[PDB]
Amino acid sequence: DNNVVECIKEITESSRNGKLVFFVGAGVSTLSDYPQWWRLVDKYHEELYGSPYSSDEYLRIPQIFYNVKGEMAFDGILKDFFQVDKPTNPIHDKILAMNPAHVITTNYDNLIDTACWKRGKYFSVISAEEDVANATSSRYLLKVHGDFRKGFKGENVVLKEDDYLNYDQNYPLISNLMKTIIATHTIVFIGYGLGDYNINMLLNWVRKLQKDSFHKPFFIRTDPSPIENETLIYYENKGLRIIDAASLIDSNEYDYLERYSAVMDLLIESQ
Amino acid sequence: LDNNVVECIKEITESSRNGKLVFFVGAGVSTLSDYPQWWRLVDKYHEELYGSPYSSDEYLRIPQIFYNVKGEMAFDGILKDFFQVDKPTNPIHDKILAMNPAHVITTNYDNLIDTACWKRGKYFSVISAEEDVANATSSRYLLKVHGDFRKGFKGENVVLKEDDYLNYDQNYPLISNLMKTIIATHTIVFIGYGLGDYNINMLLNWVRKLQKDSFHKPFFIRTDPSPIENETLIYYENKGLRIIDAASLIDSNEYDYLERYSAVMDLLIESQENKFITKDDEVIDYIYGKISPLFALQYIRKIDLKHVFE
Amino acid sequence: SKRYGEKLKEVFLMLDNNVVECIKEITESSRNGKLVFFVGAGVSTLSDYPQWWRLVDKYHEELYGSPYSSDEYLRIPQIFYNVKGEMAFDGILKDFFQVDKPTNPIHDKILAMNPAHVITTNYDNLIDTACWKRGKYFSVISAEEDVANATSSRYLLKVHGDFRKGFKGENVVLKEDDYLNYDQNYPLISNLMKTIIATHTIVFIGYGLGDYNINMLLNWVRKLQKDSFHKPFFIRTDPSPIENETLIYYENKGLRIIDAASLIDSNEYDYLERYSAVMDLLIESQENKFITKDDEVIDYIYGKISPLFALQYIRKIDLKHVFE
Amino acid sequence: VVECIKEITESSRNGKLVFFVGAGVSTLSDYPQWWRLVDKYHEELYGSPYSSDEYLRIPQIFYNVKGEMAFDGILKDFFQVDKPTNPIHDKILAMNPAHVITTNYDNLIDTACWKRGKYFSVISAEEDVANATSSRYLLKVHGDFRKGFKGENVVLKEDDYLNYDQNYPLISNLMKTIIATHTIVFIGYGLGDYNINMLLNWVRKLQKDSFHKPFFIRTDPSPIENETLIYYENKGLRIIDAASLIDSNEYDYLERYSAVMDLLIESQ
């Protein structure tokens with residue numbers, strides 16, 4: 001399609017200019033069989049009531065466990081679930097081969113960190129409040145939701161309902177830096193859904209901005225069904241340029257890896 | 001019943017006697033009157049937007065998409081053809097009114113509470129728009145925080161779509177301020193809510209910002225078919241709620257919500273005259289509560305003592 | 001006394017139409033019981049309560065050894081609080097404010113206007129004492145916890161705290177930190193103030209047009225829907241008459257200004273006379289000292305009697321209650 | 001002071017230095033101050049010629065009662081002047097700042113950058129943030145008159161500072177990001193300035209140690225009192241006072257600015 005062709009043209013232009021920034025979601029980590037959050041909520045529910053989900057439950061049940069079962073058990077469950085070493089899927093390699101100026105990720109894993117270490121491109125990893133000031137390099141691997149580098153504790157990561165409720169207060173520098181990077185760069189979203197919490201919050205923040213004062217970020221959709229035209233136009237009017245990998249080619253209902261690979265290697269071959 | 005349940009009943013009835021009881025009525029009470037639920041409206045919006053038929057955020061986003069795409073006129077038409085119905089008032093409406101509440105705050109955009117107030121003989125200043133706050137004719141309000149269809153069956157008169165909830169504080173500053181003031185200054189009982197409702201959690205989030213003990217914990221009449229889990233009960237009671245579970249009080253069928261609501265409502269009403277006196281200590285406590293203020297006076301006329309004990 | 005009454009009558013006779021309508025609206029609110037008074041520091045000053053500029057003077061004296069913009073009045077107390085301790089701040093508060101001052105006649109006039117509520121930025125107990133003498137009970141709300149347990153329907157809402165608990169800097173809104181964190185620290189107080197403003201008729205007395213509280217309230221008012229609220233009345237008692245440009249600017253912001261200096265002639269430092277001019281105009285409007293022609297008599301008696309046309313017979317003992 | 005110079009010079013060598021230039025340097029360049037603008041607005045308002053909010057309220061009153069046309073006319077007839085750049089601008093450029101944040105709406109810093117040959121991406125509107133083509137930034141947080149001598153292009157009166165975050169979210173975000181990620185030296189600002197107070201209020205929201213303490217060059221004629229100094233050290237500002245460094249005249253601000261600028265430059 002002409003719109004799609006213009007899209008990959010503009011991401012290739014931004015990548016050549018060095019103004020390209022990649023926004024990484026949970027799908028990229030899940031592609032490497034990382035422990036998903038739904039199973040963490042399932043374990044919290046099993047330790048809460050003994051028998052194992054809406055959008056609100058995903059944030060509430062961890063908060064219920066944190067409140068009634070304390071924080072030591074929360075940290076123990078997080079440690080036993082997330083203290084794993086997983087190989088980097090080719091999607092990380094293709095993202096880094098696109099030469100992104102910044103990598104803003106909501107994932108709390110170190111997959112992007114090890115991928116960057118292997119690829120030889122040094123990214124200043126900023127995941128805590130103190131990391132903003134003492135940034136060694138210009139390129140930022142910005143984990144807006146924190147990570148487990150300090151330790152496998154829930155205080156370092158944005159997981160529960162309280163963490164999302166108080167994110168602006170607890171992470172003013174991280175949120176400010178991420179908004180600045182979005183404003184002054186071209187943003188490409190992978191590993192996210194159209195109904196994702198962070199995606200819709202970012203759409204709200206964009207709606208607060210002045211019209212035509214920002215570049216519309218790119219959203220890459222790997223949902224199995226092709227994107228509905230009504231949903232597509234609704235989200236494009238909200239400030240998104242959607243590249244649907246499901247519309248690009250036909251694939252199975254469970255093969256997400258090839259779906260990400262289609263857009264990634266199409267972008268690379270355009271470059 | 002349980003001791004804490006009896007304490008909740010005592011507090012609610014004392015507030016009702018003092019004229020400081022406010023009822024926060026949700027969609028559950030209207031649903032028992034067969035008023036169309038919002039999931040049918042989202043079903044229709046999905047039917048028009050897509051081929052054929054959700055998440056909690058979808059219930060607001062799908063109408064938002066229908067608005068943004070098909071037009072305010074189409075949204076208006078579907079709202080008009082779905083909500084322009086006449087439904088009877090529940091006995092629960094009459095029970096709430098018989099509790100003599102100071103105010104009735106409600107997220108219901110129907111006039112079922114209005115019809116109940118008009119039938120029973122209660123005069124409430126119905127505040128459903130911003131201009132109604134200053135034009136209220138009395139100090140007792142029927143506060144529809146999400147608007148209604150009195151002006152017309154228009155989508156701008158109510159809080160339905162996603163954009164309505166995001167811009168609620170901006171679009172309803174007087175109504176929101178009045179609701180929070182009523183919550184702060186009165187005793188609040190939540191009825192018709194599912195303990196996971198958006199409004200309940202927004203009010204609990206606002207309650208978090210308040211001082212540690214500057215507010216009274218609102219009551220929550222939970223009428224879910226199954227008894228509340230203990231961990232959920234601790235979580236919500238540590239958030240500032242005092243939960244009275246209809247399922248724990250009596251046993252009934254899963255789909256028999258009318259009896260679940262009526263158990264708690266009739267237990268509250270029948271407790272209005274009840275003094276909860278069984279032991280001699282309770283007798284002494286009640287008589288002391290009646291008599292101790294008279295210790296200031298040197299003598300009391302014996303014919304005046306009939307007024308002390310009502 | 002009689003000369004003052006005659007002068008007030010004359011002033012009402014040549015009063016501007018706008019001021020006459022404002023007075024009529026305020027009196028109608030008073031009769032309806034929907035009148036709320038927003039009392040400022042000026043009314044407390046009329047009884048010679050210690051003003052805040054002397055407190056800033058003492059703070060500057062202890063800070064730099066020598067004896068003010070708008071920011072200074074809030075920063076210098078904050079300078080004292082940060083550089084020195086809280087104990088010294090509370091001690092200065094105690095020595096300046098632990099005084100028993102009388103209630104000026106303006107207090108009596110305000111309570112004679114039958115206010116449903118009295119909001120005030122004054123941390124003194126002058127208004128509480130004034131309400132106590134007149135036999136009407138006002139639930140005094142000066143802290144967060146006081147909001148939930150409010151005994152009566154009428155509130156005396158001290159939005160900046162007071163010293164009933166003690167002469168401490170944590171009980172009152174004085175320094176710059178208090179104003180920065182007022183919304184966080186006083187959610188219930190601010191919400192109750194805004195609800196009272198929305199639901200009642202507000203008259204600002206004792207305030208300057210450029211006061212911080214007035215500007216904050218006008219900033220909140222701008223957020224409200226157009227024509228969804230009633231414009232508060234503002235009794236301006238500055239020595240000089242209000243400029244036309246300032247008047248139109250503040251009336252477009254949602255204020256109905258009754259300027260005392262424009263109504264009567266008075267000395268520059270005769271503040272009590274300026275306050276009394278407007279308050280007495282309101283009261284003698286309530287007391288019907290200003291009706292003289294047979295048309296006003298008919299309208300007054302009709303307003304008292306026309307509702308009784310609904311009934312068939314009215315007891316002569318009831319007619320006494322009808323005419324108060 | 002010696003330690004303060006070491007940090008400034010070290011960060012200047014690292015290339016992450018940023019200067020927050022106030023109205024003081026523009027005044028040193030004899031630019032029309034805002035107080036005379038307020039005086040002109042008052043004269044055209046009341047007819048006879050100040051509180052902290054007066055500087056914001058009086059232009060707002062004039063805009064409300066007279067209209068946008070008269071406001072912009074006064075702005076144009078008072079600001080459309082050519083003023084040579086003072087040597088302090090050249091010294092600031094010679095410190096090689098990574099970015100220059102200015103509350104000034106003039107082109108004095110822009111003209112200095114053009115004269116010296118340094119390319120800074122001048123941002124004063126919302127659209128300038130996204131379309132900036134250089135890593136270096138000249139962030140005019142209050143706007144300027146490059147588009148035109150209009151009141152909408154600048155933040156001058158009340159209802160412009162009140163709605164600053166609503167109309168300048170991108171610019172405010174960029175300013176805060178630059179402050180967080182770089183070291184900041186305030187020059188041409190008073191300690192009681194509104195912008196300094198706003199930035200200190202925002203900094204108080206940040207958690208402890210997460211931010212670099214901004215540097216404040218004070219050029220008032222009288223030496224700072226120890227109590228006010230310690231108060232503003234606690235607030236987060238590291239203050240270097242020109243009055244304490246050398247003995248200077250009451251109205252000789254240029255030598256006061258130079259006593260800090262040349263000392264900082266020669267310590268490279």
# chains A, B, ... in the order shown; residues from 1 in each chain; ligands from 1
>>> closest_atom_pairs(of="chain C", to="chain D", cutoff="7 Å", atoms="only C-alpha atoms", output="tab-separated table")
residue	atom	partner	partner_atom	distance
C:63	CA	D:227	CA	6.9
C:69	CA	D:51	CA	6.0
C:70	CA	D:52	CA	5.9
C:79	CA	D:231	CA	6.6
C:82	CA	D:231	CA	6.7
C:83	CA	D:231	CA	6.3
C:245	CA	D:65	CA	6.8
C:249	CA	D:61	CA	6.1
>>> write_last_selection(atoms="N, CA, C and O atoms", output="compact mmCIF listing (two decimals), in the first residue's frame")
# COMPACT_ATOMS: atom_id res chain seq x y z
N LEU C 63 16.05 37.41 61.44
CA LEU C 63 16.90 36.84 60.39
C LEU C 63 18.12 37.71 60.14
O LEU C 63 19.26 37.27 60.34
N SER C 69 7.61 42.78 49.19
CA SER C 69 6.82 42.43 48.02
C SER C 69 5.81 41.35 48.39
O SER C 69 5.74 40.88 49.53
N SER C 70 5.00 40.94 47.41
CA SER C 70 4.00 39.91 47.66
C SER C 70 4.64 38.59 48.04
O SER C 70 4.14 37.87 48.91
N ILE C 79 11.66 31.55 55.43
CA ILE C 79 13.08 31.69 55.72
C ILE C 79 13.34 31.42 57.20
O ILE C 79 14.27 30.70 57.57
N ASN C 82 12.86 27.61 57.95
CA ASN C 82 13.92 26.73 57.47
C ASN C 82 15.24 27.00 58.18
O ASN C 82 15.86 26.08 58.72
N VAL C 83 15.69 28.25 58.18
CA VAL C 83 16.97 28.59 58.79
C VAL C 83 16.96 28.30 60.28
O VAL C 83 17.85 27.63 60.81
N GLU C 245 -11.15 50.73 34.57
CA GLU C 245 -10.51 49.61 33.90
C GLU C 245 -10.37 48.42 34.84
O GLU C 245 -10.69 47.28 34.47
N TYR C 249 -12.32 44.87 34.47
CA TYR C 249 -11.48 43.68 34.43
C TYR C 249 -11.91 42.66 35.47
O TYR C 249 -12.01 41.46 35.17
>>> select_by_dssp(residues="region 90-176 of chain B", states="strand (DSSP E or B)", output="JSON, numbers by chain")
{"B": [103, 104, 105, 106, 125, 126, 127, 141, 142, 143, 144, 147, 158]}
>>> interface_residues(of="chain C", to="chain B", cutoff="7 Å", atoms="only C-alpha atoms", output="JSON, numbers by chain")
{"C": [144, 145, 147, 148, 187, 188, 191, 192, 195, 198, 199, 224, 228, 229, 230]}
>>> write_last_selection(atoms="C-alpha atoms", output="mmCIF file, in the first residue's frame")
data_model
loop_
_atom_site.group_PDB
_atom_site.id
_atom_site.type_symbol
_atom_site.label_atom_id
_atom_site.label_comp_id
_atom_site.auth_asym_id
_atom_site.auth_seq_id
_atom_site.Cartn_x
_atom_site.Cartn_y
_atom_site.Cartn_z
ATOM 1 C CA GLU C 144 -9.085 18.573 58.214
ATOM 2 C CA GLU C 145 -10.584 16.375 60.935
ATOM 3 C CA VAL C 147 -14.783 18.559 58.305
ATOM 4 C CA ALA C 148 -16.132 15.062 58.988
ATOM 5 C CA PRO C 187 -8.338 18.711 50.472
ATOM 6 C CA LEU C 188 -11.484 18.647 52.588
ATOM 7 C CA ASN C 191 -13.474 21.236 48.728
ATOM 8 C CA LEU C 192 -15.924 22.487 51.358
ATOM 9 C CA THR C 195 -18.914 23.712 47.452
ATOM 10 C CA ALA C 198 -20.944 27.048 44.275
ATOM 11 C CA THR C 199 -24.131 26.513 46.285
ATOM 12 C CA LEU C 224 -16.233 26.464 35.780
ATOM 13 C CA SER C 228 -23.031 27.735 35.665
ATOM 14 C CA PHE C 229 -22.230 29.738 38.824
ATOM 15 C CA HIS C 230 -23.306 32.982 40.480
#
>>> residues_around(residues="residue 259 (chain A)", least_positions_apart="6", cutoff="7 Å", atoms="only C-alpha atoms", output="PyMOL selection string")
chain A and resi 222+245-246
>>> interface_residues(of="chain B", to="chain A", cutoff="9 Å", atoms="only C-alpha atoms", output="VMD selection string")
chain B and resid 49 to 50 54 to 58 65 to 66 68 to 69 166 196 205 229 to 232 234 to 236 238
>>> write_last_selection(atoms="C-alpha atoms", output="short mmCIF file (atom, residue, chain, number, x, y, z; two decimals), in the first residue's frame")
data_model
loop_
_atom_site.label_atom_id
_atom_site.label_comp_id
_atom_site.auth_asym_id
_atom_site.auth_seq_id
_atom_site.Cartn_x
_atom_site.Cartn_y
_atom_site.Cartn_z
CA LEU B 49 -18.65 -0.55 13.92
CA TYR B 50 -17.67 -4.16 13.14
CA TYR B 54 -15.53 -7.04 26.65
CA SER B 55 -12.70 -5.64 28.75
CA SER B 56 -13.32 -2.98 31.39
CA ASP B 57 -11.68 -0.32 29.21
CA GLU B 58 -13.54 -1.62 26.15
CA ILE B 65 -14.77 4.69 18.69
CA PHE B 66 -18.41 4.68 17.60
CA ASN B 68 -15.35 9.36 16.74
CA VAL B 69 -16.23 7.42 13.58
CA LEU B 166 -11.14 11.30 30.97
CA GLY B 196 -14.47 -3.31 41.10
CA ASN B 205 -8.19 6.78 45.12
CA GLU B 229 -13.04 -13.64 49.82
CA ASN B 230 -11.24 -12.78 53.03
CA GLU B 231 -8.19 -11.29 51.30
CA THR B 232 -10.39 -9.08 49.12
CA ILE B 234 -9.03 -6.99 54.04
CA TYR B 235 -7.74 -5.21 50.94
CA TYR B 236 -10.88 -3.11 50.49
CA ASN B 238 -7.81 -1.16 54.46
#
>>> interface_residues(of="chain A", to="chain D", cutoff="6 Å", atoms="only C-alpha atoms", output="PyMOL selection string")
chain A and resi 129-130+133+176-177+180+183-184+213-214
